[PDB]
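A short worksheet on the structure shown next.
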Amino acid sequence: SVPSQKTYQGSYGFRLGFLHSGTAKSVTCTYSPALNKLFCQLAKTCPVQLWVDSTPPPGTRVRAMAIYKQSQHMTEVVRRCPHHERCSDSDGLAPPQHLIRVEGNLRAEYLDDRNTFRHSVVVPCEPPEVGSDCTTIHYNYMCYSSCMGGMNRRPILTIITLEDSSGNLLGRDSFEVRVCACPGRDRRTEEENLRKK
Ligand SMILES: O=C(O)c1cc(I)c(-n2cc(F)c(F)c2)c(I)c1O
Ligand SMILES: [Zn+2]
Numbered sequence: 096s097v098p099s100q101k102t103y104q105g106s107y108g109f110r111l112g113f114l115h116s117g118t119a120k121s122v123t124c125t126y127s128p129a130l131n132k133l134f135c136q137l138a139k140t141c142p143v144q145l146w147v148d149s150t151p152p153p154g155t156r157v158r159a160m161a162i163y164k165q166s167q168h169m170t171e172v173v174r175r176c177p178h179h180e181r182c183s184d185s186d187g188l189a190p191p192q193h194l195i196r197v198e199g200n201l202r203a204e205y206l207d208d209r210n211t212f213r214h215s216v217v218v219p220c221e222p223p224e225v226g227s228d229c230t231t232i233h234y235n236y237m238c239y240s241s242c243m244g245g246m247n248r249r250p251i252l253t254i255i256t257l258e259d260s261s262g263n264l265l266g267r268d269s270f271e272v273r274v275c276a277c278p279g280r281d282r283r284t285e286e287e288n289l290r291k292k
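In the entry's author numbering, the protein residues as written are 96 to 292.
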């Protein structure tokens with residue numbers, strides 16, 4: 096089984112947005128539009144904006160899930176490596192095996208799928224604060240892309256789904272993720288490789 100990654104705005108015009116954080120050596124999270132790829136440091140805040148054209152019903156939720164990007168690995172569950180799943184860095188809510196956490200939301204729920212064994216984290220949709228035009232979720236990625244015995248240098252993508260109260264699909268978007276020590280340099284490197292190619 097493999098979750099769909101097809102971009103789908105749906106009835107509410109759902110799509111993601113990312114800040115413009117630049118590529119300085121010191122940056123902890125930065126998004127490349129040209130690569131549709133987020134680069135971030137281990138366990139650091141990753142702001143992801145949610146945008147809609149119209150308001151979804153009460154009880155709508157937003158779920159995040161990681162899959163391997165390469166087809167020959169896509170059936171493998173993305174999980175934390177043998178070291179990080181045992182490092183007792185729990186926040187009291189996320190299971191220690193889950194790669195993706197939501198930061199600072201006590202309503203986050205973590206799912207181990209009973210049939211696929213895949214991990215996901217889902218939060219209730221809330222309207223923007225007064226004066227804002229979108230809602231931001233803060234994610235953390237809890238292993239490096241390079242972690243031996245886990246991602247092991249394989250690229251992943253995060254799939255963000257808008258769901259109704261039963262879990263039915265209302266919208267979908269996605270982005271590649273690299274968790275690395277120097278997101279600014281790696282974004283510059285990969286963007287240059289893309290330009291030369
Ligand atoms: O303008 C509004 O009234 C409005 C209401 C909602 I509920 C959301 N919303 C929150 C999410 F997590 C999500 F996926 C969509 C947004 I973004 C809005 O702009
Ligand atoms: Zn790890």
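Note that beta-carbon positions come from the ideal geometry of N, C-alpha and C, so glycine has one too.
Counting other Cβ atoms within 10 Å of its Cβ, residue 109 reaches 16 or more and is therefore classed as buried. For residue 288, the enclosing alpha helix (DSSP H) begins and ends at 278 to 291. Between residue 216 and residue 197 a beta carbon distance of about 5 Å is seen, short of the 8 Å cut, so the two are scored as contacting.
Near ligand 2, meaning a beta-carbon closer than 7 Å to one of its heavy atoms, we find 175, 176, 178, 179, 238, 239, 242, 245.
Pairing residue 258 with residue 273 gives a Cβ-Cβ distance that is not under 9 Å. A contact is defined here as three or more CB-CB pairs under 8 Å, and the segment 228 to 237 meets this definition with respect to the segment 133 to 142. Taking all protein chains in view, the Cβ of residue 157 is crowded by 16 or more other Cβ atoms within 10 Å, so the residue is classified as buried. Counting the other CB atoms within 10 Å of its CB gives residue 160 a total of 16 or more, which places it among the buried residues.
Assigned with DSSP and collapsed to three states, residue 258 falls in strand. Distance from the CA of residue 144 to the CA of residue 136, rounded to the nearest whole angstrom, comes to 19 Å.
The C-alpha of residue 212 is placed about 13 Å away from the C-alpha of residue 175. Of the heavy atoms belonging to ligand 1, none sits nearer than 8 Å to the Cβ of residue 103. Contact check between the segment 175 to 195 and the segment 108 to 125: fewer than three CB pairs, one atom from each, fall below 8 Å, which does not count as touching. Counted as a single uninterrupted DSSP element, the stretch harbouring residue 238 is not any beta strand (DSSP E), since DSSP gives it neither H nor E.
Scanning its chain for C-beta atoms nearer than 8 Å, with the 5 sequence neighbours on each side dropped, one finds around residue 168 the residues 249, in chain order.
Under the DSSP definition of a beta bridge, residue 159 partners with 216, 255. Here the distance from the Cβ of residue 232 to the nearest heavy atom of ligand 1 is below 8 Å.
The shortest CA-to-CA distance from residue 177 to any of 114, 245, 188 is the one to 245.
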